[PDB]
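*Asks:* In the deposited numbering, the protein residues as written are 1 to 178, 182 to 337, 340 to 464. We put the CB at the ideal spot given by N, CA and C, even for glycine.
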Amino acid sequence: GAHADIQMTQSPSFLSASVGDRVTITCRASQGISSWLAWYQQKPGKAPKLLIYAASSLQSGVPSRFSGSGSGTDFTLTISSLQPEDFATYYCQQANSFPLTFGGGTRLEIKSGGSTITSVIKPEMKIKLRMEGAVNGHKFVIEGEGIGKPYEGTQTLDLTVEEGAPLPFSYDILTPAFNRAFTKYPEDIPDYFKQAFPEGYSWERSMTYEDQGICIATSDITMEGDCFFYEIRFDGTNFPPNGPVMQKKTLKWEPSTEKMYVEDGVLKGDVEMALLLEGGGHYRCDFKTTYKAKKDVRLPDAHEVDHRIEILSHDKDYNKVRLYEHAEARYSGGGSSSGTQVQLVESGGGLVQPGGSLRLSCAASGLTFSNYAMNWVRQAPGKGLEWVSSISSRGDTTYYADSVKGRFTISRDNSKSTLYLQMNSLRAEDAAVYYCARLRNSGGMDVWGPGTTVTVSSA
């Protein structure tokens, strides 16, 4: 029927920015949409996340640096201080009337990439360290030289016992004391450790083993030029004389996942560790580390660091040791978005020839699916969001985009909490990632699935 033809355009379509910059992006509607305007953030490979609805109202869990205003035809989104998390593509969406419409999007590029951090922390950094300490009262000194690739999370060290040779305890208890600057950090997680330099940082650690042996270590990490310098203090006591440590029955650390979190203004790490033993058992240990940058740096959100550490070679007494570590940071949970606790997973994407048919379906969980209206939104490769179809909570009244009207059919089964999209007479332009999303009365789509991909191709 006769409907309004609301064109949403955003400006700029792309810009380059730096962390700390204030960014404002705007959008214009071809006709009045009152204040029924929402904003979405889309990071590469992920589903759009709802930031703002009704032009100014922040979605739950959105940091306060995001704001919005406007009523009528012209609206703005503002980020007061751009953070690494914020570099995404941003879309606006009108909800004054069907068909719903998105803007073309605004892409936020990182200006000059990481050229600033790579001037401080070089792509290769050498290591010089000295460790002094005691285990069960046995004093020793170890020195080390090495080299690593801080942006790839890898490093290698050559260690030589200078005092206290031969060590009477398992060398494996020392190796995690021999620098998180050697961690691969993805672009959207603030890197606490690299940002700490050239001044550096320090860490304190406790290691509580399951037979009540306890180690305490500290390390002060500085840099000049292309070389890190560590000053390490290591102490351990109460290792039983027939335990795996004093009997040297450990083989290697198992790979681990350290949980990083912020507390008392610094970064803390907790990791459950396990030594493999001769004979096949394990020897367990809880690590608790406090990391302290020597200057104000940007604190990160909770995340995880995966570790693998191994002795590549050694002499009989471990007077000479070559030591390797690989470390990489990531978020834990595992493309979909939400603002509460409900999940959507789409399925049914695949390859069809032109004119073929495909049936998509989404599963809902963690809510009352029959209580909300549902939408399909698609995104062609390289293109922006496009609203496809909508269905009321009971399923009686449905709406469609003109581009699919007559070939697509939306439906739902509320007892199974699933939503369907039946696609007939598929065209090349129908090929896209198809998202399922929940529509709220405020006009925003607050929960999205990861999408499923439709491909339309012939011989």
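What does the alpha-carbon distance come out to for the pair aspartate 273 and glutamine 31?
*Replies:* Rounded to whole angstroms, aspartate 273 to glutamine 31 spans 54 Å at the Cα level.
*Asks:* So, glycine 456 versus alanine 88, is the Cβ gap smaller than 8 Å?
*Replies:* Cβ distance not < 8 Å, so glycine 456 and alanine 88 don't count as in contact.
*Asks:* Can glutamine 93 and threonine 101 be called in contact, C-beta distance under 8 Å?
*Replies:* The answer is yes: Cβ separation under 8 Å.
*Asks:* Taking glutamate 307 as the reference, give the member of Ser205, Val461, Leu279, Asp194 with the closest Cα.
*Replies:* Residue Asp194 is the option with its Cα nearest to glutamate 307.
*Asks:* Three or more beta-carbon pairs under 8 Å between the segment 145-165 and the segment 221-228, yes or no?
*Replies:* Counting Cβ pairs under 8 Å, fewer than three are found: no touch.
*Asks:* On the DSSP letters alone, give me the boundaries of the beta strand (DSSP E) that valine 308 sits inside.
*Replies:* Here the beta strand (DSSP E) through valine 308 covers 306-317.
*Asks:* Is it right to say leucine 426 is buried, meaning 16 or more other beta carbons lie within 10 angstroms of its own, or is it exposed?
*Replies:* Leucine 426 should be labelled buried.
*Asks:* In angstroms, rounded to a whole number, what distance separates the CA positions of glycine 103 and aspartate 86?
*Replies:* Roughly 19 Å separates the two Cα atoms.
*Asks:* Do you know whose CA, among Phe231, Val135, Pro303, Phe200, lies nearest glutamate 145's CA?
*Replies:* It is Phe231 whose Cα lies nearest to the Cα of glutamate 145.
*Asks:* Relative to the C-alpha of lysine 126, which candidate in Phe185, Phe290, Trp39 has its C-alpha closest?
*Replies:* Of the candidates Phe185, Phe290, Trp39, the one whose C-alpha sits nearest the C-alpha of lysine 126 is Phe185.
*Asks:* Less than 6 Å between C-beta atoms, sequence neighbours within five positions excluded: which residues of the same chain meet that for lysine 43?
*Replies:* Closer than 6 Å at Cβ, skipping near neighbours: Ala88.
*Asks:* Under the assumption that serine 342 contacts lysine 49 (Cβ atoms under 8 Å), give the Cβ distance between them as a whole number of angstroms.
*Replies:* That belief holds up - the Cβ atoms of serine 342 and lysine 49 are roughly 4 Å apart, short of 8 Å.
*Asks:* List the residues that DSSP assigns as beta-bridge partners of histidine 3.
*Replies:* Per DSSP, none; premise fails for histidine 3.
*Asks:* I want to know whether the segment 342-356 touches the segment 444-458 - three or more CB-CB distances under 8 Å.
*Replies:* The segment 342-356, when compared against the segment 444-458, does touch it at the 8 Å Cβ threshold.
*Asks:* For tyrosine 286, which residues in the same chain have their Cβ closer than 6 Å to its Cβ, ignoring the five residues on either side in sequence?
*Replies:* Correct list, in chain order: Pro247, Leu278, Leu280.
*Asks:* Does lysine 251 come out as helix, strand or coil in the three-state DSSP assignment?
*Replies:* Looking at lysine 251 - three-state DSSP - the assignment turns out to be coil, as it is neither helix nor strand.
*Asks:* Where do the ends of the alpha helix (DSSP H) carrying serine 119 lie?
*Replies:* That run of the alpha helix (DSSP H) goes 117-120.
*Asks:* Indicate the three-state DSSP secondary structure (helix, strand or coil) for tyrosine 233 in the structure shown.
*Replies:* Looking at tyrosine 233 - three-state DSSP - the assignment turns out to be strand.
*Asks:* Which of helix, strand or coil does DSSP assign to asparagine 376?
*Replies:* If DSSP states are grouped into helix, strand and coil, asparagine 376 belongs with the helices.
*Asks:* Secondary structure at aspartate 418, three-state DSSP: helix, strand or coil?
*Replies:* It is a strand residue.
*Asks:* Suppose contacts are defined by Cβ-Cβ distances below 8 Å. Is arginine 22 in contact with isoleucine 79 by that definition?
*Replies:* Closer than 8 Å, so yes.
*Asks:* For the beta strand (DSSP E) holding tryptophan 39, just list the boundary residues, first then last.
*Replies:* Note, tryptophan 39: beta strand (DSSP E), 37-42.
*Asks:* Does the segment 7-14 come within contact of the segment 410-418, defined as at least 3 CB pairs closer than 8 Å?
*Replies:* No: fewer than three Cβ pairs fall under 8 Å.
*Asks:* Cα separation between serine 16 and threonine 253?
*Replies:* Spanning the two alpha carbons is a distance of roughly 51 Å.
*Asks:* Out of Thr403, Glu162, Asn376, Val459, state which residue places its alpha-carbon closest to the alpha-carbon of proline 359.
*Replies:* It is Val459.
*Asks:* Can you check whether the CB of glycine 354 is closer than 8 Å to the CB of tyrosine 233?
*Replies:* No, the pair does not count as a contact, with Cβ atoms beyond the cut-off.
*Asks:* Let me know the secondary structure DSSP gives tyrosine 171 once reduced to three states.
*Replies:* Reduced to three states, the DSSP call for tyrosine 171 is helix.
*Asks:* How would you call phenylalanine 237, buried or exposed, if buried means at least 16 neighbouring beta carbons within 10 angstroms?
*Replies:* Per the 10 Å Cβ criterion, buried.
*Asks:* What does the Cβ neighbour count give for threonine 175, buried or exposed, with the cut at 16 atoms within 10 Å?
*Replies:* So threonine 175 counts as buried.
*Asks:* For the segment 204-228, which segments carrying the beta strand (DSSP E) assignment without a break, of at least 3 residues, lie completely within its bounds, in sequence order?
*Replies:* With a minimum length of 3 residues, the continuous beta strand (DSSP E) runs that stay inside the segment 204-228 are 204-212, 217-227.
*Asks:* Given a threshold of 16 other Cβ atoms within 10 Å of its Cβ, counted over all protein chains shown, does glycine 70 qualify as buried or as exposed?
*Replies:* Buried.
*Asks:* Beta-carbon within less than 6 Å of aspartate 309's beta-carbon, same chain only, minus the 5 sequence neighbours each way: which residues are those?
*Replies:* Once the five neighbours on either side are set aside, the close Cβ partners of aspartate 309 are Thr260, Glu331.
*Asks:* Taking just the CA atoms, how far does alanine 433 sit from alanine 369?
*Replies:* Each residue's alpha carbon lies about 29 Å from the other.
*Asks:* Let me check understanding here. Comparing Cα to Cα, which of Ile121, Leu51, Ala55, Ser67 lies closest to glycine 61?
*Replies:* Closest option to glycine 61, Cα to Cα, is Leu51.
*Asks:* My parser needs the beta strand (DSSP E) runs of 3 or more residues fully inside the segment 75-146; what are they?
*Replies:* Fully enclosed beta strand (DSSP E) runs of 3 or longer: 89-94, 106-110, 125-135.
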